[PDB]
Structure formats: structure tokens, C-alpha cells
Ligand code: CLA
Ligand code: CLA
Ligand code: CLA
Ligand code: CLA
Ligand code: CLA
Ligand SMILES: CC1=C(/C=C/C(C)=C/C=C/C(C)=C/C=C/C=C(C)/C=C/C=C(C)/C=C/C2=C(C)CCCC2(C)C)C(C)(C)CCC1
Ligand SMILES: CC1=C(/C=C/C(C)=C/C=C/C(C)=C/C=C/C=C(C)/C=C/C=C(C)/C=C/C2=C(C)CCCC2(C)C)C(C)(C)CCC1
Ligand SMILES: CC1=C(/C=C/C(C)=C/C=C/C(C)=C/C=C/C=C(C)/C=C/C=C(C)/C=C/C2=C(C)CCCC2(C)C)C(C)(C)CCC1
Ligand SMILES: CC1=C(/C=C/C(C)=C/C=C/C(C)=C/C=C/C=C(C)/C=C/C=C(C)/C=C/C2=C(C)CCCC2(C)C)C(C)(C)CCC1
Ligand SMILES: CCCCCCCS[C@@H]1O[C@H](CO)[C@@H](O)[C@H](O)[C@H]1O
Ligand SMILES: [Ca+2]
Ligand SMILES: [Cl-]
Ligand SMILES: [Cl-]
Ligand SMILES: [Mg+2]
């Protein structure tokens, strides 16, 4: 169960900074 | 007169160097414990080494000048 | 326990409660990316 | 042709990111070893042979319970040098005997000397009066009285404070139970100086921040200040009127205000150091003799003073066997003082 | 190679902070498992 | 049916993760807003449908 | 174009630094709408996700209060999922509440993100209905009225649950705690508003003393109609002159008023969960502090009486009864330190109480095993424990993983109520200073004190 | 006219010319603080012994009944009263009211109303003077702490007999019992409190010494340097660039404040937030969410407990626990 938990929170945790990064490279409306 | 830290830690050269040295130091510290070496350098009891199996008394040092030999005696009584 | 059909999603359910905390953290990532202007 | 001393003086006093100075030759090694010794000991080193205690991350303690603990009482006030007659050059035995405690205390003492010297040296080079150094005499008086004079008056370093969070809390409660230290007027003056200093810190910062002149258009007002400006950034006149009408009195002299902010906490810490020097000798403010005469003769007479002594008696009887293991105390259940039911 | 700002400071701060969170989280996990867990 | 139910819920989880990232990016992106707006509609309708599918299918495995 | 300062989202345009950045929204109704709806999504998200976490961790045969649960207790108190004595008979209602909140949070988050970054930044150009000016007193009272009506409907939903959709869990139900349909809600205003005029001190307890579901339901009938009526009132009127002259009329002032209101409610909730065992049933939340202390005295009374003690005549060391004594007004109460808790009332104890207080005849003859069980359970689940959830007094050794839900809920909401009172003071003082035009500091060329006579 | 005479009254109440500002908060503050002060002074000198723990064991608090300044206190109301309000008129006599600790309730309730109004009065005068409004936010920290020990803690424990006792030794009694019953030393909010007051004292000495260090020479060698500043002068009296140049070299440059507004905000915020957390410590231990418990947390391979310093603290806590209120407990757990 602990490998699954750490993978979920890793994917969830990257999602936020991933949004900022994608908008930064696309010169979006940050 | 030296470069600002923000210039250094946002440079590629800084991270090429430290992508190696920081993990290497972390792993060496890990191994210092996982090999058990930390116990023997500092003289810290392992979990099975606080008490002998029969006695439940603390190996307290009571002799100032033969304390070194007194610790050495308390340790031989474990195994 | 969850109903058994949902059991495979147990590790996901374990982590969802902390997501609101991530939104507060995300505000600082975002502010850093615009230089705290 | 200048002379090596002046050439060294030049290099030591170069304006660099970390100022060195002559004082740094003492300060940096001693501060680094004191800090490094504490981190080393709290991470890896036990207190099993000196105290019967686990005290390191390696043993399972956390940040609140790790410590570098004092040597065993049987060491007396030994300097406990690595090459001394107790450890005889054996680093492992030295750690097991508590040598890291005197290592940290003594490098710490000389590091504090180095820091105060740094305060003098930088003040002299920049051309300011050395009041920061003078204010630092209070931390020094506290460290010297608590970590050096107090154990030197007692039986051994064992009864000095151990360097740890929970270890220090134990030291507080020991001083309550054995010294009745809260009853000591030198501690009370110390408390007044610390709480009074924190009061002055808060009220002065709040007063400045709420008597600012509007020197810009922003709703966030920090940007409307220039370090080179000649003008006061807040109104002393409006601040004075406010506190005069709220509290009855107010500062009117900015120089006195800022000297008083130094005087209060510095004097308080100095007074607490004097009381601890007395406690080095068990010269306690333990009792009020008139209270004890009355209570001994009159079993209906009770005050908060007699109530706290009963607590002290509980602390001593219930903590001493494990806290003073060299004494080999065995207190049979029937002799332990305790109230009803508990 | 030595030019400042090739790696944006906001990314440095985010990754470094996540590293701090991971290591501190590991220490809190260790409060409940193995030595020091009371178990 | 138990596996089919698990598939529809897995699809909803995956679609959700795609929307959580894709919608703020699209909303704040200058170009391709016309294509983004249509996709956000499609994702939203599919999301709602999958919630209903999982909701109905729940009662065949619980 | 390619400029970092080119947007209005910086200190240069707004006058507010990044750490006060949400103040840049005061006069941007569209984006501020987004912020509020997104934040509502976060609340709803937590309710849903936390319930599913609780349910996934839930062992239905252990008491809830042994399991760190705070949301499932709220659902169970509404009568969902439980039977006699609070036993869990069906976890599916807990699952439904969790799922539906979690799904709903996606809709709120969608609308929040839309309004916050994609939709119109200000609403006034787009809609006279949804646009607003903080200084438009009539628009402000209209939006207040809409939300008052929404709140009144919410109160009537509780009533609907209690009277027409299964009832509520009643710890006081005759024969033992059980779900019960409320058919005769208390409508008499002398009772309903009598609660509001009770002293908050001991033995009275203001509204925290509500001790039966008929008063609870009837009270929510009253609050429902009052809120709907007040909402209609505020849609059809504008503030009277005396109100106009008394208040500050600005977004920040309105925020400060609500912060003072929420602080007060937070302190009230703290006392409710600490003392009240009717709308916070001890079956779900654990015993209250007073309850567990009373349960200890009850436990040793039972034990010692079984051994042959005459508990009525047993003089304790002080001269007061070791087990039983009188309150300052004469009622027979439990002795020892729990003399302070004699205002406690609970269903396991009331069968032993008569007109004079605890009845020695009933104590000698009528204590049932279920009462001994309940008192032992509650004595050993007293709401005492460490921050790392080691149950018991502070000197307890590690073993029991327990902190009462009552302690978690009381402490959190005191912390929150306290900072919200600080926020009230902050924003109330700032709103006054900003309305008067000196929130940025003293005008050097027009310093008021310089125009005042000296004090002396 | 009624409206004119009332407006004259309002103008006097809110006048910026009164030597001490009155104001609307002052209309409540002045009578409540006077009642609390007068009762406290009389009780501290002359009150007879009070049965704080409701076990007919009266504790003498007043000077005339055998106390000195260090041991005297106004003793809390009886444990038999609990949280009941006990005004004079609910007593059969002043004699009864005194035995049962009536004065304590009168004092603390008037005092608490008074200091809350003192806080509002700080807002009010700042508004009349055209000042910024957050001095009462700083004062809310000591107010919160006083409210924690006089009101919240007794509510949580069910009795004003457990609130702070109003005297020097009574304060120490409160502290020592609190440590046994909550392990407050191991609670992180008390730790933040200590950082607040240690740090506040440190930063006071630091700020005081740095400004004093860089005063501009304006006096002769005879007179006090204090004469170099004149009340209300426009120019700054010290060289903040010199002060910053010293402190930036003492540590490193970027660790030092050159912005005086940032500096003084920090001086306000550090002790205030620290004391907010201290007050929240007491106010949440009031509901028995207590300090960290690592009692027997370290165990060896066989299962023997290996003591830590936390366990030595526990032994002191037990000694306090078993001795305190030695005649008041009949049953094995102290549950409040
Ligand atoms: C600022 C530098 C500094 C200072 C002041 C100290 C101070 C101390 N150290 Mg630390 N140490 C340091 C740096 C320093 N250390 C560094 C860099 C290391 C890592 C190598 C260490 C590693 C270390 C260890 C491992 C230990 C110490 C210990 C100590 C303590 C005992 C020292 C001692 O007895 O020395 C004695 C030696 C001297 C005093 C040298 C003096 C030389 C004199 C002045 C020469 C005089 C010549 C004369 C004029 C010639 C005459 C000629 C004739 C023919 C006429 C003391 C507190 C011990 C300790 O803490 O025990 C608890 C200990 O075990 N230190
Ligand atoms: C409850 C938390 C919360 C909410 C709802 C908001 C909301 C808002 N903030 Mg505030 N803020 C917050 C906390 C919050 N903030 C905190 C803690 C700080 C201190 C760091 C700030 C500091 C701050 C500043 C300095 C500013 C704002 C501004 C804004 C507004 C515009 C944001 C923008 O343009 O970003 C653009 C960013 C992006 C486009 C990146 C992506 C952002 C989206 C929303 C992430 C969505 C993630 C989510 C998982 C998606 C789910 C999708 C799914 C439902 C389909 C917006 C209404 C700005 C403003 O007032 O404008 C007028 C502004 O200048 N905020
Ligand atoms: C009303 C708020 C509230 C309350 C009363 C509870 C209560 C509880 N939670 Mg829940 N939870 C909450 C909100 C709350 N939670 C939130 C917001 C999240 C998302 C992070 C969760 C996610 C969550 C999980 C995943 C778990 C719990 C669990 C629990 C139980 C164990 C608590 C514990 O060990 O804490 C430990 C205590 C701390 C970590 C102390 C935090 C101290 C904070 C930082 C102080 C903050 C002060 C203030 C807010 C900030 C002021 C700053 C100032 C400058 C203004 C307990 C019943 C556990 C459980 O048993 O579930 C079955 C569990 O596993 N909770
Ligand atoms: C209180 C919250 C709130 C408020 C005041 C608004 C207000 C507005 N919205 Mg926004 N929105 C919200 C939440 C809100 N919205 C949510 C949750 C979502 C996600 C679904 C959206 C997604 C959204 C989009 C995509 C658009 C808007 C638009 C608008 C504007 C025109 C709306 C209109 O004319 O509807 C007319 C009214 C109706 C069509 C009937 C509405 C009946 C609703 C659907 C059911 C109500 C039942 C009940 C009251 C809901 C209780 C919910 C509760 C349990 C939480 C207006 C400013 C439009 C806009 O800004 O254009 C420029 C637009 O395009 N909104
Ligand atoms: C969210 C709730 C809410 C809010 C924010 C408002 C806000 C407002 N109302 Mg409305 N009202 C509401 C709900 C609300 N109302 C409901 C539900 C009803 C139906 C009963 C009404 C019926 C109503 C009427 C008839 C009037 C208002 C009026 C007003 C305006 C001034 C009110 C005022 O001076 O308050 C402050 C209160 C006072 C100045 C009175 C003295 C307050 C005492 C001293 C406080 C005691 C508090 C006590 C300690 C706490 C509880 C204890 C108590 C139970 C014993 C203000 C815009 C006035 C207006 O002009 O409307 C056009 C007005 O005439 N309201
Ligand atoms: C329900 C659900 C879901 C949802 C999800 C979500 C909603 C998510 C979100 C998420 C998020 C929302 C995330 C975020 C994150 C964040 C982060 C991760 C951050 C961090 C930060 C940091 C680390 C910081 C740092 C810093 C900076 C930046 C600056 C200053 C300094 C400091 C250090 C502070 C899904 C889809 C799964 C599906 C299933 C179900
Ligand atoms: C003793 C001795 C010596 C020395 C040694 C040394 C010098 C050492 C050092 C050491 C060191 C130098 C170490 C370090 C360590 C560190 C650590 C271990 C850290 C940790 C940290 C953390 C964990 C963090 C935390 C935090 C905080 C604090 C705040 C913010 C948040 C956070 C969480 C980040 C010699 C050889 C001379 C001789 C012999 C004796
Ligand atoms: C504006 C802004 C902001 C904020 C934002 C927010 C706050 C948002 C929210 C959002 C949200 C609030 C979202 C939500 C979402 C949700 C979701 C997406 C969900 C989903 C769900 C699912 C998918 C489920 C599934 C399931 C079922 C059905 C059954 C059971 C199991 C499970 C759980 C698996 C910030 C701070 C960044 C700053 C910038 C601006
Ligand atoms: C549901 C329920 C119930 C009922 C309840 C009720 C019916 C309530 C009501 C309530 C109410 C009915 C409340 C009210 C309140 C009020 C208030 C809270 C007020 C306030 C005021 C103010 C805040 C003012 C201020 C001021 C002054 C004083 C001076 C001038 C200026 C001004 C205006 C600022 C009962 C308990 C039976 C049971 C449980 C459930
Ligand atoms: C390390 C202790 C230093 C004490 C000061 C000794 C200075 S000694 C001094 O040094 C000069 C060069 O600087 C020489 O020119 C001179 O001949 C010599 O006597
Ligand atoms: Ca701009
Ligand atoms: Cl006591
Ligand atoms: Cl008892
Ligand atoms: Mg571990």
C-alpha cells in the first residue's frame, strides 16, 4: 500500500508546479 | 566582491557539480549508519547491547581514573 | 473500510485530504514564478 | 617593506562577505567545534554510561529529547581532555565518559569570548560605540554562571545543564524541586527583565509602525523609507501624546528610549546570574523562617508558599533515584510522599 | 556554464522546498516506526 | 461487471487528472483558445457522464 | 507586452505587496467572485475527501472516538448509518456523503478557476445584477438578503431530516440512545428564546445547555423563518439613517464585521463540543470532561459498594463524603474533586437522580450492568491526551493511542476563533483608518497632534 | 436641548484634550478597573482564608493573616462553586462570601472586562489622533495570555478554583501543577512562547544597543548624551547607515535590516506572535490536548525501556502530581 500511496501523492504533488511551469514556458497569463 | 549566491545556485555549473556531491555525501552518511560503523566509532549501544540477558542494572561509571577500564569491563559482560 | 469494489483506490483515498494544503503551497510557487511582483 | 604583522592585519580586516578579524582566529574554530560537537553528540552519542539514558538520533531520540549529557558524577570537575588521564586518548571512551560535554562547554565559552571580541573589533573598525558588545555581557554572565560556576560549586559537572531540549526542561524542574528557584528574588528580577524586554520590543515596534508618516502612495508602507533620509520615519510627538493619554507617561527622548531597551533585559539577565552563583553553593531562597515556625505550630495555617514546598518534596523524592543514579537511591514505596489516592 | 539564472530561481526554490518536506516527512514517519516508536 | 465498474472509475480518475492540469493551462494560454474551449466542453461532458456511469454501476458491485 | 509589470497584478499597479495580494481584489468583483467560489470548493473538497479517508480507516466495531473521527460523528448524529446505542448498522450513508461532497467540489472548483482567471475581471460592465459597489448600501443588503434566505433554507433542511426523513440520533431516547423521529418540535418562544437569555455561567450554560432534540428542532424552525424573513426584509429595504451613521461602509469593514461574528461562533462551538452531549452524543464523540470525571466517581462507588461499603455514610479524609456530598444548594452529588462537575447530566446517570439529587436507594439497589459498563468506558476515555495522541494524564506511559474528538474539536476551534478575533481587530481598525484617509500614515504637513493644545 | 447636552457629553467623552483619554471603551474600563483594583487591594491586605479546593481547608492569602508580599495572594473561588457565578448578593453573608473566595471572581471578571476595554481604548485614541490602528493588535497578545489563565483554563477544567491564583507564590503553584497535568514544557506552543520572550528580550537589547551605538555626536564630554536629542526634532538622531554597516559585518550584510519600517515591524511581530502562541498553548491545554509524551518511547531489543531525558521529566511530573492538593482526590485518576 505504501508504494501506491507515495506514487499518488507524487503525481498529485507535481501537478501544481507542472501547471505553473507549462504556463511559464507558454508565456501564459500568470 | 564575490558572486551573489542567487547567481551561483541558478547556474548550470553549480548543479552539475552538486548533482554529484550532494547525493554522494548523503549516501556516505547513510552507509555510516547502515554498516553499523557509527555504533563503533562513538561507542553507542546497539539495541541488544544496553543490558546483559540476566541483569537489569545500568553500567554506570563510578571510577574517575579507571572509568576507561570500567567501561571495557561492562562491555565484555554483554556477549 | 470502503465498499470492497473501491478497495483498489484505498491508497488514493489516503492522500486526498492533504490536497487543500497543496493549494496554499501552490500560491507561493506561483508568486515565485512572477517574482513576487 | 611593511612588516608581516601589518600585512596579516590588512588581510584579516578585508571587507569580505564574512568578516574575519583577529577575533575570528578565536571565534570561528571555537564556535564551529561547539556547534559541531553538539550536532555530533545529539546525532550519534549515548548517555548510557554517564546517566543511564539514551540521548541521540542513532538510539531513537527525537529533536526534543536528544542531548549531549554531562559526565558521570564520579568524574568530578575533570576537564576530561581527550588526552587526559580518564580517556587516555581513546576517542570512543572519551565520548562514553562525557568528554563531549566539557568539549562543548569550553569551546563554547571561548567562542563567546571570541564573539564579544568580534563585536568590539567591528565597532572599532566601523567607528561606532561598542554598546552591542556591552549588551552581550549578559548572555556571557548567564552562560558562565549556569554552565561553569554552578556545577563548579556542586559535586561535579554531572549537575550542570545537559545540552538538549528536554534535558534543559529537566534542569528547570530540578531547580524548582531542589532550590525553590522561583522564590529567589534574583530570578524574579531576571523574569522582570526578560518579560519587560519583550514588552519593550513589542510596544516600540508597534508604536513606530502605527505612528508612521505617510511618505508614499502604497497601501503597503515599507517601500516609503530611505536609509539615507534625514527625517524620522514616524512621529515622536504623536507617539508621545498617545501613550501619555493611554498609559499616563510616555517616552519623549529617543536616545533614552533605546538605551532603556538595552538596560532592561541586560540588567535582568545579570541579576539571574547572581542568583545562580548563590545556587552553586546551595545558598537558596528556599524558605521563609517565620512561615515555617507558624506552620509547624499551627496545623491549620496554610499558604501558597507551604503548598509549593509540598510539590518540591514530591519532585525530590520521585525524581532523585533515576536523576541521580550514582547515589543508588532505593526508596521503598512506603516512604514516598504522596497525597490521597494519587 | 557559470551564468546566473539559467535555472530559474523559482524552480530551485520549489524543488529544494519539496526536498525539505520529503526529508522532514521521513523523520516524522520514523517517529512511528522502529527505534523511538514506543513499540 | 466488477472489472467494468473499476474501469469506468479509473477512467474518471484519469480524466480528472487531465482536467486538473489542462483547464488552468488552457484558461491562461493565449493561443489555441478556440480548440481549448471545445476540448474543455468535451472533457466536462465526459466527466459528468462518467460520474453518472460510476454512480449507476456502483449498485451492481455494492 | 514582454514586461513583468505590464499587468495590474503587481504592487506598482495595485499599491499592495504580494503578501497582501488578495487585497488587490477588493474592487475586482469578477476575480473576487472566482476566489470565493474556488475557496468554497476547497471547503467542500475537504468535507468529501476527509469523510472517505475516515470511512476507509473506519473499523465499525470500535467506538468512533477511538479512531480519530470527527466527520462520521456529524453524519451519525443526523441519524444516518446508526442504530440503538450508536452502533453502526450501515456505512453506505457515510460513503454517499463523502462522494457527493467530493464530486460537488469539482463543480465549485471549476467555476472558481473560471471566474478567477478566464471570466470577466469586473462584473459591472457585464451585468447590473451580479455587479456591485461596496458603497452601494442597497445592493449590499440585497446580497445579504439572498444569503440569509439560503441560510434559512439550510436550517429547515435539518428540521426536514428530523421530522420527515428518518429523524436524528437521540442519546436521551427512553430505553437507551437510538434514532428517533421528532414529531413535536418546541415552538413556544418562551422556551426557544429563553435559552438566549440564560447566563453562560455554571449550572446555566446559555444555549450550550440545550438538552433535548425537541428544543433543537424547534429552534431551527425559528431560525429558518427568522432568516428567510430577514432576507426578504433586506431585499426590500435599505439601511436606516441611524445605521448609515453608525457603520463604516466598505468591503474591508464588512469583512471585519463577519470576522468578529465568526470568531464569536467559533468560541461558542468550542464550548458546545466541550460541554454538550445532546447534539454531540458521547456515543460518537466520547464523554465530556465533566462526564468522564463523574464516571470515575460512579465507577468506584459501584466497586466499593459491591465490597460492602455504605457509600452514603462514608466520610472522606476531609470530612466531606468520600463518594457522596451536597452541592452548595443541597443537591446530593458525587464527592471528590468531581464536586465541581455536579451540573453534568447524561443518560447513564439520570436514572439514579431524584428530586433531591442522587438517590441513595436507587444507588444501593438499581444500578444496572450497562451503567457500570458505560461509567468504566467513559472513565477510561476521558478527554485527556498528548499532542502525539498518547491517551491519559500527562504522566501516562506510552500504550494507548487516544485523543478525544472533543479535545481535537475544542482546541482547533479555539485557535481559529482567537485568530479570527485578531483579524476582526486588524481589519476593523484598518477599515476605520482607510475610510478616514490615514491608513498609510500621518500627513507631515497636516499632523493632527501638532494642532492640538499640549496636555500640560 | 437633550441632543445638545448629549452631544456636549459625547464631545467631552471623546475629547483629545483630556489628560487621560476617556472614550467610549473608557466608560466601561474605568468603573470595572476601579472595582477590581479596590477589591484586590483590600483582599490582598485583609481577606480571611479561602477554601480554594472546596474541601474545607482554607488557604490564607492576605498580609494580615500571616503572609508577606511573596506568599500573599487573592485565592480563587471554591471548587464547590466550580464555574457558577458567585456574586456578593448570592451569598448569605459577607462572611460566607469571603470563606468561599468571592473576591477572586469579582476581581477577575472586572479585570478582564477592563483590559479588553483598555485594548479597544488603544484603538479609539489612535483613531482620534489620526494614527494607524494596530497598537491594540500588539496588546492583544498579553490580553490573550491573561484571558487564557483567568478564564479559558478554568472553563476547560470546570472550575475557577483552577485559574491563576492572584499572587506571586500562587502564580508558581499554578505553573508547577500545570506542568504535571499538561507537560507544558513539552508543548510546542509554550516553546514558541519562550522563543517569543527570549527573542523579544534579545531583539530589544540588540535594537537598543545598535541605535545607542550610532548616536550622532551632539553633546559635550560632561553632559548625558540624551541631551543630544530634542523632543520633536525633525532629523534622525543616530546614523542608521553606520548601525547597518556594523551589524551587517557582525553577521553578514543581508542578515541586517536597512529599512527601519521592516525592522520595527519585526520587533512588533516576533514577541506578539510568540505570546499569541503561548496564550493558545494554555487555551488548548485547557481542553487537555497536552505536551508531547515520549514516556518510554525508547525500547531495547528485548523490550526494556531505555530512559531518555523525557522520562526524567516524567519522574518530576509524577512527584508534583502525587503531592498537589494532597487531601482533594479520592479516586485514582486526576481527570480535571
Ligand atoms: C581558537 C582555537 C582553539 C582554542 C582556544 C581551543 C581550546 C581548547 N581545546 Mg580545541 N581544537 C581546535 C581549536 C581550539 N581549541 C581545533 C582547530 C581542533 C581540531 C584540530 C581542536 C580539537 C580539540 C580536541 C580533540 C580537544 C580540544 C580541547 C580544547 C580545550 C583544551 C586545550 C588544551 O589544553 O591545549 C593545550 C595546548 C596549548 C594551550 C598550546 C599553547 C602553546 C603555548 C602558548 C606555546 C608557548 C611557547 C613558549 C612561548 C615557548 C618557550 C620556549 C622556552 C625554551 C623559552 C581548550 C578549551 C580538548 C577538550 O575540549 O577537552 C574537553 C580536547 O580534547 N580541541
Ligand atoms: C484560497 C486561496 C486563494 C484563492 C482562491 C486566491 C485567488 C486569487 N488570487 Mg490570491 N493569494 C493567496 C491565496 C488565494 N488566492 C495566498 C496564500 C497568497 C500569498 C502567496 C496570495 C497572493 C496573491 C497575489 C499577489 C495576487 C493574488 C491574485 C488572485 C486572483 C488572480 C490569480 C491569478 O491571476 O493567477 C494566475 C495564475 C495562473 C493562471 C496559474 C494557474 C492558477 C489556477 C487557478 C490553478 C488551478 C489549480 C486547480 C487544481 C485546477 C482545477 C481544475 C479542475 C476543477 C477542472 C485570484 C482570484 C492576484 C490578483 O488579485 O489579481 C487581480 C494577485 O495579484 N493572490
Ligand atoms: C477543524 C480542523 C481539524 C480538526 C479538529 C482535525 C482533527 C483530527 N484530524 Mg484532521 N485534517 C484537517 C483538519 C482537522 N483535523 C485538515 C485541514 C486536513 C488536511 C491536512 C486534515 C487531514 C487529516 C489526516 C490525513 C488525518 C487527520 C487526523 C485527525 C485526528 C488526529 C489529529 C492529529 O494527530 O493532529 C496532529 C496535530 C498537528 C499536526 C498540529 C498542527 C498545528 C498547526 C500547524 C497549528 C496552526 C495554528 C494556526 C492554524 C495557524 C496560525 C498561524 C498564525 C501566524 C496566524 C484528529 C481527530 C488523523 C486521523 O486520525 O484520521 C482518522 C489523520 O490521519 N486529519
Ligand atoms: C455564488 C456563486 C456564483 C455567482 C454569483 C456566479 C455568477 C455569474 N456567473 Mg458563474 N459559476 C459558478 C458560480 C457562480 N457564478 C459555479 C459553481 C460554476 C461551475 C458550474 C460557474 C461557471 C460559470 C460559467 C461557465 C459562466 C458563469 C457566468 C456567470 C455570470 C452570469 C451568470 C448567469 O447569468 O446565470 C443565469 C442563471 C441561471 C442560468 C440559473 C442558475 C441556476 C443554477 C445553475 C442552480 C441553482 C441551484 C442552487 C441555488 C445552487 C446551490 C449550490 C450550493 C449547494 C453550493 C454571473 C456573474 C457566465 C459569465 O461570467 O459570462 C461572461 C459564464 O459564462 N459561471
Ligand atoms: C447575517 C445576518 C444579518 C446582518 C449582517 C444584518 C445587518 C443589518 N441589519 Mg438585519 N436582520 C437579520 C439579519 C442580519 N442583518 C434577520 C435574520 C432579521 C429578521 C429578524 C433582521 C431584521 C432587521 C431589522 C428590523 C433591521 C435590520 C437592520 C440591519 C442593519 C443595521 C443592524 C445593526 O445595527 O446591528 C447592530 C445591533 C444593534 C445596534 C442593536 C444593539 C445590539 C446589542 C447591544 C448587542 C447584543 C449582542 C449579544 C451580546 C449577543 C447575543 C446575546 C443575546 C442573544 C442575549 C445592518 C445592515 C436595520 C436596518 O436599517 O435595516 C434596513 C433594521 O432596522 N435587520
Ligand atoms: C480529488 C481527486 C483528484 C484531484 C486532484 C487535485 C485537485 C490536485 C491538485 C493538486 C495541487 C494543487 C498540487 C499543488 C502542489 C504544490 C506544491 C507541491 C508546492 C510546493 C511549494 C514549495 C515547496 C514552496 C517553496 C518555496 C517557494 C516556491 C518560494 C519561497 C520559498 C519556499 C521554500 C517557501 C484527482 C485528479 C487526483 C483524481 C482523484 C480524485
Ligand atoms: C566534535 C568533535 C570534532 C568536531 C566535529 C564537527 C565540527 C562536526 C560538525 C558537524 C555538523 C556541522 C553537523 C551538521 C548537522 C546538521 C543537521 C543534522 C541539520 C538538520 C536540519 C534540519 C532537520 C532542518 C530543520 C528545519 C529547521 C531547523 C527550520 C526550518 C524547517 C526545517 C525543517 C528545514 C572534532 C573532529 C574537531 C574532534 C572530535 C570532537
Ligand atoms: C484561484 C487561485 C488559486 C486557488 C485555486 C483553487 C482553490 C482551486 C480549487 C479547485 C478545486 C476545489 C478542485 C476540485 C477538484 C475535484 C475533483 C477533480 C474530484 C474528483 C473526484 C473523483 C475523481 C472521485 C473519484 C472516486 C469516486 C467517485 C468514488 C470514491 C473513490 C474515488 C475518490 C476514486 C491559488 C491558491 C492557486 C492561487 C492562484 C489563483
Ligand atoms: C437554533 C437553536 C436554538 C435557537 C437559537 C436562536 C433562536 C438564536 C437566535 C439568536 C440571535 C437572535 C442572535 C442575535 C445576536 C445579536 C448580535 C450579535 C448583535 C450584535 C451587535 C453589535 C455587534 C453592535 C455593535 C455596535 C455597538 C454595540 C455600538 C454602536 C456601534 C455598533 C453598531 C458597531 C436553541 C438555542 C433554542 C437550541 C439549539 C438550536
Ligand atoms: C602572534 C603574536 C604577535 C605579537 C606581535 C609581534 C610583532 S613583532 C615585530 O613584527 C614586525 C613585522 O610585523 C617586525 O618588523 C619587527 O622587527 C618585529 O619585532
Ligand atoms: Ca503593473
Ligand atoms: Cl497544590
Ligand atoms: Cl477525586
Ligand atoms: Mg524510528
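Residue numbers (the working numbering), protein chains in the order written: chain A, 1 to 30; chain B, 31 to 109; chain C, 110 to 146; chain D, 147 to 488; chain E, 489 to 527; chain F, 528 to 589; chain G, 590 to 1045; chain H, 1046 to 1381. Every residue, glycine too, gets a C-beta built ideally from N, C-alpha and C.
Whose Cβ in chain B lies nearer than 8 Å to the Cβ of residue i?
i	result
residue 1349 of chain H	80, 81 and 86
residue 518 of chain E	What residue 518 of chain E touches in chain B: nothing, since even the nearest Cβ is about 12 Å away.
Along chain D, in chain order, which residues have C-beta atoms closer than 8 Å to that of residue i?
i	result
residue 1316 of chain H	344, 345, 347 and 348
Taking DSSP as the reference, what is the three-state secondary structure of residue i?
i	result
residue 990 of chain G	strand
residue 72 of chain B	helix
residue 462 of chain E	For chain E, the structure presents residues 489 to 527; residue 462 of chain E sits outside this window and is missing.
residue 564 of chain G	Residue 564 of chain G falls outside the range modelled here, since chain G spans only 590 to 1045, and no answer is possible.
residue 501 of chain E	helix
Note down, in chain order, every chain C residue with its Cβ under 8 Å from the Cβ of residue i.
i	result
residue 636 of chain G	Correct list: empty, because the minimum Cβ distance to chain C is about 10 Å.
Residues of chain D with a CB under 7 Å from the CB of residue i: which are they?
i	result
residue 523 of chain E	205 and 206
What does the Cβ neighbour count give for residue i, buried or exposed, with the cut at 16 atoms within 10 Å?
i	result
residue 955 of chain G	exposed
residue 1269 of chain H	exposed
residue 1382 of chain H	Outside the displayed range of chain H (1046 to 1381) lies residue 1382 of chain H, so it cannot be described from this structure.
residue 265 of chain D	buried
Considering only C-alpha positions, which residue in the set the options is nearest to residue i?
i	options	result
residue 782 of chain G	G:799, G:1029 and G:629	G:799
residue 1076 of chain G	G:600, G:606, G:615 and G:693	As shown, chain G starts at 590 and ends at 1045. That puts residue 1076 of chain G outside it, with no answer to give.
residue 1377 of chain H	G:931, G:981 and G:870	G:981
residue 164 of chain D	H:1290, H:1304 and H:1315	H:1290
Residues of chain H with CB closer than 8 Å to the CB of residue i, please, in chain order.
i	result
residue 930 of chain G	1127, 1203 and 1381
Could you name the residues of chain C that residue i contacts, counting a contact when the two beta carbons are closer than 7 Å?
i	result
residue 501 of chain E	141
Could you work out which residues of chain D lie near residue i, taking near to mean beta carbons separated by less than 9 Å?
i	result
residue 1297 of chain H	163, 164 and 165
Residues of chain G with CB under 8 Å from residue i, in chain order?
i	result
residue 128 of chain C	634 and 638
So residue i contacts chain H; which residues on that side make the cut at Cβ distance below 7 Å?
i	result
residue 77 of chain B	1345 and 1346
Run the Cβ filter for me: residues under 5 Å from any heavy atom of ligand 13, listed in the order they occur in the chain.
G:925, G:926, H:1374, H:1375 and H:1376
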